[PDB]
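For reference, positions follow the sequence shown, starting with 1. These numbers come from the heavy atoms of this one structure, side chains and all, not from hydrogens, waters or symmetry mates. In each ligand, atom 1 is the first atom listed, and ligand 1 is the first ligand listed.
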Amino acid sequence: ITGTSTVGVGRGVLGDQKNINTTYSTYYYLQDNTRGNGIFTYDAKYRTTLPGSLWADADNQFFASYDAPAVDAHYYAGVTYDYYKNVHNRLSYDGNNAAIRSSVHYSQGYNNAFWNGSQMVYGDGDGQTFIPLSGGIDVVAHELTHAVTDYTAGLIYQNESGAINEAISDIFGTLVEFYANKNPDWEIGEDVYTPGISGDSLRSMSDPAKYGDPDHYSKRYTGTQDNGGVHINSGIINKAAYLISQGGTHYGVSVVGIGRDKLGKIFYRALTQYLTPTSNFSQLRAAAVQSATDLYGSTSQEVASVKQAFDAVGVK
Ligand SMILES: CC(C)C[C@H](NC(=O)CNP(=O)(O)CNC(=O)OCc1ccccc1)C(=O)O
Ligand SMILES: [Ca+2]
Ligand SMILES: [Ca+2]
Ligand SMILES: [Ca+2]
Ligand SMILES: [Ca+2]
Ligand SMILES: [Xe]
Ligand SMILES: [Xe]
Ligand SMILES: [Zn+2]
């Protein structure tokens with residue numbers, strides 16, 4: 001909408017207060033004009049018609065329970081935009097400052113979030129498996145990273161290319177969580193998953209097997225559920241990424257860690273310069289090796305560590 005840029009205040013899903021960029025024109029809208037061509041947050045009103053209505057508020061104060069998922073979707077989209085701009089010199093998901101749109105309160109009791117090809121969509125959860133999913137910065141960044149992938153490598157959402165697609169979203173969701181530096185970890189979704197159970201998460205990158213996902217290519221899922229295991233076999237790549245960053249010895253193979261920032265550089269370059277819609281895990285290894293070679297040199301520790309990490313998870 002046309003209006004003037006303002007700054008509202010509210011509380012997110014976890015009860016934390018934060019400032020949000022809004023736009024005033026009769027109402028205060030969840031429209032942040034400070035980033036690219038805008039970040040826009042919509043109310044789906046418990047329905048499944050998208051996007052719903054641009055979120056309007058009479059007073060620029062967002063402290064109602066119903067407001068909390070919108071506050072967090074809007075704020076964490078901003079943090080994710082900032083990560084990609086400041087760390088990778090990428091302007092929004094298309095590289096040309098495309099407007100970022102999100103809808104919250106999608107459906108009833110909806111235990112998921114997704115990128116629908118055009119926008120982010122967040123359920124509120126059923127209150128037992130999940131609380132509103134925009135409360136997780138890693139979840140928001142995971143979703144927005146799907147848009148980045150779709151505009152770049154284009155990894156088809158099935159089988160190995162789809163597991164790479166998933167792992168890229170988990171990797172960058174985690175890197176955004178570290179960038180914001182509030183309770184960061186290598187787990188996925190811990191802030192919104194299972195409010196009655198402490199210490200769990202949807203997936204673990206450091207130990208995928210903790211939540212039943214493979215940590216070695218010999219344990220890959222080969223069936224048809226979950227689009228050929230895209231959220232299952234992602235564990236193999238998530239583990240490789242974790243090892244590249246943090247190091248470790250896994251199935252007897254030792255990996256010298258190089259840190260999160262270099263992990264992010266290598267995988268961002270692989271995603272945007274080398275991967276294609278049909279890339280498989282072996283091709284991802286090659287893309288990551290080449291990316292590290294471009295950035296750090298063929299004799300570098302960084303290249304050696306990428307090779308060790310893929311060796312450790314059985315990907316040649
Ligand atoms: C219990 C769940 C939260 C676990 C998992 N989801 C995630 O980890 C995050 N959402 P996501 O990975 O973005 C879904 N996304 C998904 O399933 O893609 C299908 C699609 C294709 C094209 C258009 C619209 C939707 C799942 O779906 O099994
Ligand atoms: Ca209000
Ligand atoms: Ca965390
Ligand atoms: Ca996390
Ligand atoms: Ca939990
Ligand atoms: Xe982005
Ligand atoms: Xe997620
Ligand atoms: Zn995903």
Side-chain angles (χ1 to χ4, degrees), residues 13-15 44 48-51 69 72-73 76-77 80 93 100-104 106-107 109-127 129-155 157-177 183 185-205 208 211-214 221 223-224 226-238 241 267 271 277:
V13 173
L14 304 189
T48 59
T49 50
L50 289 173
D72 279 345
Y76 292 142
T80 303
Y93 54 85
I100 297 168
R101 298 187 199 273
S102 305
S103 296
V104 300
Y106 177 80
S107 192
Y110 191 80
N111 287 320
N112 218 333
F114 56 101
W115 171 261
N116 80 341
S118 306
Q119 63 164 107
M120 291 174 287
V121 183
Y122 301 90
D124 290 331
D126 62 18
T129 303
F130 283 102
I131 65 179
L133 282 79
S134 59
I137 186 172
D138 52 4
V139 176
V140 172
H142 175 112
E143 306 309 335
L144 195 43
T145 298
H146 280 307
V148 177
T149 293
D150 290 354
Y151 273 86
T152 63
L155 291 156
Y157 202 65
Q158 62 171 359
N159 301 329
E160 284 185 24
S161 60
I164 301 166
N165 183 318
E166 272 301 307
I168 290 288
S169 277
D170 286 345
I171 291 161
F172 291 105
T174 290
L175 294 178
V176 171
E177 184 171 309
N183 300 315
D185 50 58
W186 295 85
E187 307 290 288
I188 307 298
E190 68 286 343
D191 292 332
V192 296
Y193 188 61
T194 57
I197 304 179
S198 76
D200 65 345
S201 64
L202 186 61
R203 289 178 290 277
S204 170
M205 301 182 69
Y211 301 113
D213 295 323
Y221 175 77
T224 62
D226 184 37
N227 293 120
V230 301
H231 298 94
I232 299 171
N233 292 331
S234 55
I236 294 156
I237 303 311
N238 284 344
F267 273 70
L271 182 68

**Student:** To make sure I understand the geometry: which N, O or S atom in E166 is closest to the Zn ion (ligand 8)?
**Tutor:**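 Result: OE2.
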**Student:** Under 4.0 angstrom from atom 23 (C) of ligand 1, is there any protein heavy atom?
**Tutor:**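 Yes, there is a protein heavy atom closer to it than 4.0 Å.
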**Student:** Do any N/O atoms on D226 end up under 3.5 angstrom from N/O atoms on ligand 1?
**Tutor:**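 No: no nitrogen or oxygen of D226 is under 3.5 Å from one in ligand 1.
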**Student:** Is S201 close enough to the Ca ion (ligand 5) that one of its N, O or S atoms comes in under 3.0 Å?
**Tutor:**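 Checking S201: none of its N, O or S atoms is under 3.0 Å.
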**Student:** Check whether any side-chain N or O of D124 sits under 3.5 Å from a backbone N or O of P132 as a donor-acceptor pair, and report yes or no.
**Tutor:**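 Between the backbone of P132 and the side chain of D124 there is no qualifying donor-acceptor contact (under 3.5 Å).
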**Student:** Mind checking whether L202 contacts ligand 1 via backbone (N, CA, C, O), side chain (CB onward), both or neither, at a 4.0 Å heavy-atom cut-off?
**Tutor:**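 Only the side chain of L202 comes within reach of ligand 1.
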**Student:** For the residue pair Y76 and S134, establish whether any side-chain heavy-atom pair is separated by less than 4.5 Å.
**Tutor:**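 The answer is no; the side chains never approach within 4.5 Å.
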**Student:** Please determine, by modelled atom types, if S201 and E187 share a side-chain donor-acceptor pair under 3.5 angstrom.
**Tutor:**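 The answer is yes; a qualifying pair exists.
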**Student:** Heavy atoms only: give me the nearest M205-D170 pair and the separation to one decimal.
**Tutor:**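 Minimum heavy-atom contact is SD-O, 3.7 Å.
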**Student:** Among all protein non-hydrogen atoms, which one is nearest to atom 19 (C) of ligand 1, and what is the separation to 0.1 Å?
**Tutor:**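 Answer, as residue, atom name and distance: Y157 CE2, 4.1 Å.
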**Student:** I'd like the atom name of the N/O/S atom in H146 lying closest to the Zn ion (ligand 8).
**Tutor:**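 Distance check against the Zn ion (ligand 8) picks out NE2 in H146.
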**Student:** Is there an N/O/S atom in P195 that lies less than 3.0 Å from the Ca ion (ligand 5)?
**Tutor:**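 Looking at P195, which is the residue asked about, there is no N, O or S atom under 3.0 Å from the Ca ion (ligand 5).
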**Student:** Give me the residue, atom name and distance of the protein heavy atom closest to atom 9 (C) of ligand 1.
**Tutor:**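 Result: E143 OE2, 3.5 Å.
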**Student:** For ligand 1, is any non-hydrogen atom under 4.0 Å from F130's backbone (N, CA, C, O), its side chain (CB onward), both, or neither?
**Tutor:**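 Side chain only.
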**Student:** For the Zn ion (ligand 8), decide whether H231 has an N, O or S atom at a distance under 2.8 Å.
**Tutor:**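 No, since none of the N, O or S atoms of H231 sits under 2.8 Å from the Zn ion (ligand 8).
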**Student:** Side-chain contact test, heavy atoms from C-beta onward, threshold under 4.5 Å: evaluate it for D213 versus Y221 and give yes or no.
**Tutor:**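 No, their side chains stay 4.5 Å or more apart.
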**Student:** Could you give the distance from CG (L271) to CD1 (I168), rounded to the nearest 0.5 Å?
**Tutor:**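 With rounding to 0.5 Å, CG (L271) is 5.0 Å from CD1 (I168).
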**Student:** Only N/O/S atoms count here: what is the atom of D200 closest to the Ca ion (ligand 5) called?
**Tutor:**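 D200's closest N, O or S atom to the Ca ion (ligand 5) is named OD1.
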**Student:** Tell me, which protein residue and heavy-atom name are nearest atom 2 (C) of ligand 1, and how many Å apart are they?
**Tutor:**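 The closest one turns out to be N112 OD1, 3.7 Å.
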**Student:** Could you tell me which atoms of ligand 1, counted from 1 in the order shown, lie closer than 4.0 angstrom to a heavy atom of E166?
**Tutor:**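 The atoms of ligand 1 under 4.0 Å from a heavy atom of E166 are 12 (O).
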**Student:** Please work out whether the ring planes of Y157 and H231 are parallel, tilted or perpendicular, with thresholds of 30° and 60°.
**Tutor:**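 Perpendicular, since the angle between the ring planes exceeds 60°.
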**Student:** Which ligand 1 atoms, with their elements, are less than 4.0 angstrom from a heavy-atom of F114?
**Tutor:**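 Result: 13 (O), 15 (N).
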**Student:** Is there a side-chain contact between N165 and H146 (heavy atoms, below 4.5 Å)?
**Tutor:**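 Yes, side chains in contact.
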**Student:** Angle at the Ca ion (ligand 5), O of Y193 to O of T194, rounded to 10 degrees, please.
**Tutor:**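 Rounding to the nearest 10 degrees gives 80°.
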**Student:** Within the 4.5 Å heavy-atom criterion, are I171 and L175 side-chain neighbours or not?
**Tutor:**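 The answer is yes, as the side chains (C-beta and beyond) meet within the 4.5 Å cut-off.
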**Student:** Do any nitrogen or oxygen atoms of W115 come within less than 3.5 Å of a nitrogen or oxygen of ligand 1?
**Tutor:**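 Not met; the criterion fails.
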**Student:** At less than 3.0 Å, would any N/O/S atom of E190, backbone or side chain, sit next to the Ca ion (ligand 5)?
**Tutor:**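 No, since none of the N, O or S atoms of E190 sits under 3.0 Å from the Ca ion (ligand 5).
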**Student:** Say whether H142, considering both its backbone and side-chain N or O atoms, lies within less than 3.5 Å of an N or O atom on ligand 1.
**Tutor:**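 Between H142 and ligand 1, an N or O pair is found under 3.5 Å apart.
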**Student:** Between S103 and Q119, is there a side-chain donor-acceptor contact under 3.5 Å, judged purely by atom types and distance?
**Tutor:**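 Judged by distance alone, the side chains do pair up.
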**Student:** Over all heavy atoms of both residues, which pair between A113 and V139 is shortest? Give the atoms and the distance, please.
**Tutor:**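 For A113 and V139, the tightest heavy-atom pair comes out as CB-CG1, 4.3 Å.
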**Student:** For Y193 and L202, work out which heavy atoms get closest and say how close.
**Tutor:**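 The pair with the smallest heavy-atom distance is CD2-N, 4.0 Å.
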**Student:** Heavy atom of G117 under 4.0 Å from ligand 1?
**Tutor:**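 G117: no contact with ligand 1 (<4.0 Å).
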**Student:** Could you tell me whether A113 approaches ligand 1 through its side chain, its backbone, both or neither, with non-hydrogen atoms closer than 4.0 Å?
**Tutor:**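 Within the 4.0 Å criterion, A113 contacts ligand 1 through backbone atoms alone.
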**Student:** Take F114 and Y106 through the ring-ring contact (aromatic ring centres under 6.0 Å, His included) test and state the conclusion after the steps.
**Tutor:** CA-CA 10 Å; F114 56 101; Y106 177 80; 5.4 Å; yes
**Student:** For ligand 1, which atoms have a heavy atom of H146 less than 4.0 angstrom away?
**Tutor:**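 Close to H146: 12 (O), 13 (O).
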